[PDB]
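Report on the structure
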Amino acid sequence: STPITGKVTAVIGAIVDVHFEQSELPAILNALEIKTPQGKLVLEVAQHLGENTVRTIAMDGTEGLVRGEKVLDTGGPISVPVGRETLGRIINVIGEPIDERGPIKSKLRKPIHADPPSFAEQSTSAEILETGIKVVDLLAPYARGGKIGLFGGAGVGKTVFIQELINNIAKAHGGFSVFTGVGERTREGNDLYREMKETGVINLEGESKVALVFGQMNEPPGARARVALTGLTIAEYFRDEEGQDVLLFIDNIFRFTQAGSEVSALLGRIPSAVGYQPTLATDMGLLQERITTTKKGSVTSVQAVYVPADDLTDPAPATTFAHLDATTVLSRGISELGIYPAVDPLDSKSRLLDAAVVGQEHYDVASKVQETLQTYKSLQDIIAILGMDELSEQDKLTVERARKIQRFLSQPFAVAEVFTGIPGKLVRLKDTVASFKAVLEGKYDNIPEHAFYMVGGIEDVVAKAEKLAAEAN
Amino acid sequence: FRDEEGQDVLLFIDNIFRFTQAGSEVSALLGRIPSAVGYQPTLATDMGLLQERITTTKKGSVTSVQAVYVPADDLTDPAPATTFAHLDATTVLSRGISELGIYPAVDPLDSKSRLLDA
Amino acid sequence: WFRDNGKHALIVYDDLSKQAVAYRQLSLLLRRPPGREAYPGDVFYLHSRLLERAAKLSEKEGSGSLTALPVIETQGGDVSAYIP
Amino acid sequence: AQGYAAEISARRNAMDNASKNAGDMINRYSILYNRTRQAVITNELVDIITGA
């Protein structure tokens, strides 16, 4: 192949203009590497100005850039290393591992801007993945290839919930995971990496469960925009190589969309006055099109959107439930009661929770559980106000069954064995349904309420009941 | 009709604000620098000749009946605001009375005419 | 300098709002394409780069930390604007 | 006499409720006023960077 090269003509802040020769002009969304003393810098093309010049956006700071600097063309989009060697490694937007653990020994480099699948290949089949935690897989079951998400605050256990989700997917589905760092605070990123290491799920000398792609937002906006793209590429390569229902973890859609809007603003686009963002339509749509279900595997993105003080400003974070197929809210109220999974069963709804989607018995159990919880809170109001006496025997039955269900929602996490020392368990979807329905009819009413606490599965419920009746009672 | 025929013309111009809207339309692509809130710079002048071509002369009369679509019910918008000063009789159809039940909606205050004399 | 030397330092980025407007003036005067609220899209880039300097390093780097306390002089309590 | 006392006590309570309504209406409408007056600044910003 001919040695394609260019010359830098303009550096519009992050934007860099490079002049190529005839037929040597690369297309847009094409990486352009420049050798720099502080490492390696590449630039993707977004606009063709003309006269053999292409406008590009840098993935890192353009410090020390000089006109006439040689620009090498990779040949296609920003290729990033892919494979099992990327698991448990901090890899930036460009692809160079920034974990200070050495180079990534990956045999393949799939371009980030891969061709999205066709409409005829868009599988509309709706089936529910088994996660490993009863509350999520029953109350708000996760759609396969859809757009599910986490909406929790700080200190409620969102990060540890991510850890449990990725561990359970690695052990139950046998599929790896990816977490993206678009618009990340480097402090919370370092804290998340430390927790990831200390949970013993990414064995540095052994097997790693999450390919933690990570891009700092102190970098120019293009890096934030394309870190989601390279995380998508890693997830897609895992899906298309291994028969795994891998799950993808976007740390925030809002950060990606704001990065895209400022990328457009630099490129020459503009939003509407007084504040409104319609520009994201191309990038947001392409990102959605990169998360579908294929014949061999699937990718289930998680939209772990942090609550912005109960005020979603940009249109994409505004009313996320339109894009959401299974909402998983992590409220502080449930964690105040001591239930380790912060999933609020009442507010955690799923669009796939239907009779013809998850199952007749699954839908019946979920609906009965939701109704029992609603009656539980409604009668809890009068229990707190007028006392427990002002309550009927049928109301007593409903309250006790729903309380047993709520205390049953607390189940161990396999990643919390160092955080609080609990024997983490991986429940089964059939076992989850069986245990929940068994609690539902009331055949386990004689079981003590403390037995329902801190257990997973009805067998563990009776085990804890007999332990309590053998040690304390 | 007013001059040659010498008859009282009942001109019923419908949505005269569309004239200024089309002026702003062509102005954006004509190279004109946009005026306040994006209207055409020559709005006042062109609508001035258009409206002043309607008047009561010695030959006859043209009783122009114009309806002005105010954008966002904002009477401070330049086109309706200047049409207010470039017109004798004003009949404001406020939405706050239109949805109140009196759909005639003629706001009884800003609807003023020069005929209000003893 | 103090952070990398093992010492603890505190940076208080007083009135970064006029920093944002000054960078906006520089960009608009430098043929840069205007963005939201006429601010260039890279003011977020600038603020991220500036506020990521202040951080707590590990004990390998002498355990030095830099503490950031910026202020934003918003008007009317509307922090919903683009720069706040 | 007791009816007059209760009537004026309820008058004080009702005018306190009206005062609270005025206060929260004024708070929300002052937030709206600040938003609108800042929107004037956004509009002047956009027409200056477009026209000039």
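Deposited coordinates in this entry are attributed by the record to cryo-EM, at a stated resolution of 4 Å.

Let us now look at unusual backbone geometry. Phi angles above zero are rare outside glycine, and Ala309 of chain A is one such case at about 55°. On the basis of relative accessibility, which here comes to 66%, the residue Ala309 of chain A falls in the exposed class. Look at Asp15 of chain C: it is not a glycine, yet its phi comes out positive at around 45°. Within the element layout of this structure, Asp15 of chain C appears in the loop between β1 (9-11) and α1 (16-28).

A separate point is the nonpolar core. Residues and elements named next belong to chain A. Membership of the largest hydrophobic core comes to 65 residues, with the highest contact counts inside it found for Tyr142, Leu150, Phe161 and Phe249. It is helix α2 (residues 158-173) that provides the largest number of residues to this core, a total of 6 residues. Apart from the residues within four sequence positions on either side, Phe161 is in contact with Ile133, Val136, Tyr142, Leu150, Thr328, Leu330, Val343 and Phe413. Counting residues in hydrophobic clusters, the runner-up holds 41 residues, among them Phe151, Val182, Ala235 and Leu280.

Quick look at the sheet that holds strand β10 (residues 177-179) of chain A now. Residues and elements named next belong to chain A. The 6 strands lie next to each other as β11-β10-β12-β13-β9-β14, forming an open sheet whose pairing is parallel. Strands at the two margins of the open sheet, each flanked by one partner only, are β11 (210-211) and β14 (327-330). Pairing geometry for β10 and strand β12 (residues 245-250), over 3 bridges, is parallel. Counterpart to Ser177 in the pairing with β12 is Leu247.

Now for the packing of aromatic side chains. Taken as a whole and judged by the stated rule, the model has 10 aromatic pairs over all chains. Three or more aromatic residues joined by ring pairs make a cluster, and in this case those are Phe161, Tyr340, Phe413 and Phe419 of chain A. The ring of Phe408 of chain A carries the charged tip of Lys134 of chain A above its face, separated from the ring centre by 4.7 Å. When the ring centre of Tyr29 of chain D is taken as origin, the NZ or CZ atom of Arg28 of chain D, which lies over that ring, is 5.3 Å away.

On to the UniProt feature "binding site: ATP" in chain A, then. All names here are of chain A. Here, the residues flagged by UniProt with the feature "binding site: ATP" are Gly152, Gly153, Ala154, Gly155, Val156, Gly157, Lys158 and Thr159. Along the chain, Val156 falls in the loop between β9 (147-152) and α2. When neighbours within four sequence positions are excluded, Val156 is seen to be in contact with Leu330, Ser331, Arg332, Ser335 and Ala342. Counting through the fold element by element, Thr159 comes out in helix α2. Under the relative-accessibility criterion, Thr159 is labelled partly exposed at 27%. Every residue in contact with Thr159, bar those within four places of it in the chain, is listed here: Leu192 and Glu195.

Here the focus is the side chain of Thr233 of chain A. Along the chain, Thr233 of chain A turns up in helix α4 (residues 221-241). Polar contacts involving the side chain of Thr233 of chain A include one to the main-chain carbonyl oxygen of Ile112 of chain A, which spans 3.5 Å.

Listed by partner, the interface residues are 27 residues for chain A and 13 residues for chain C. Approximately 1,500 Å² of surface area, both sides summed, lies buried where chain A meets chain C, with 60% of it carried by carbon and sulfur atoms. Counting across the chain A and chain C interface gives 0 salt bridges. Linking chain A to chain C there are 4 residue pairs in polar contact. For the side of chain A that touches chain C, the elements supplying multiple residues, two or more each, are α4 and α5 (253-267) of chain A. Residue classes in the side of chain A that touches chain C are distributed as 11 nonpolar, 9 polar and 7 charged.

Conventions used here
- Residues numbered from 1 in each chain as written, not as in the entry; some residues may be left out.
- Chains lettered and ligands numbered in written order.
- Part of a larger assembly, values for the part shown.
- Heavy atoms only, no water.
- Buried < 20%, exposed > 50% of the residue type's maximum accessible area, 1.4 Å probe, protein only.
- Helix = DSSP H or I, 4+ residues; strand = E, 2+ residues; numbered from the N terminus.
- Core = buried A, V, L, I, M, F, W, Y, C linked by side-chain atoms within 4.5 Å.
- Contact = heavy atoms within 4.5 Å.
- Pairing = 2+ DSSP bridges.
- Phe/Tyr/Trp six-rings, centres within 6.5 Å; stacked < 30°, edge-to-face > 60°.
- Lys NZ or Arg CZ within 6 Å of the ring centre and 35° of its normal.
- UniProt positions renumbered as here; feature names shortened; annotations may be inferred.
- Polar contact = N/O pair within 3.5 Å; in protein donor to acceptor, adjacent residues only side chain to side chain.
- Buried area = accessible area lost by both parts, 1.4 Å probe.
- Salt bridge = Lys/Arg side-chain N within 4 Å of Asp/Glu carboxyl O.
- Nonpolar A, V, L, I, M, F, W, Y, C, P; charged D, E, K, R; others polar.

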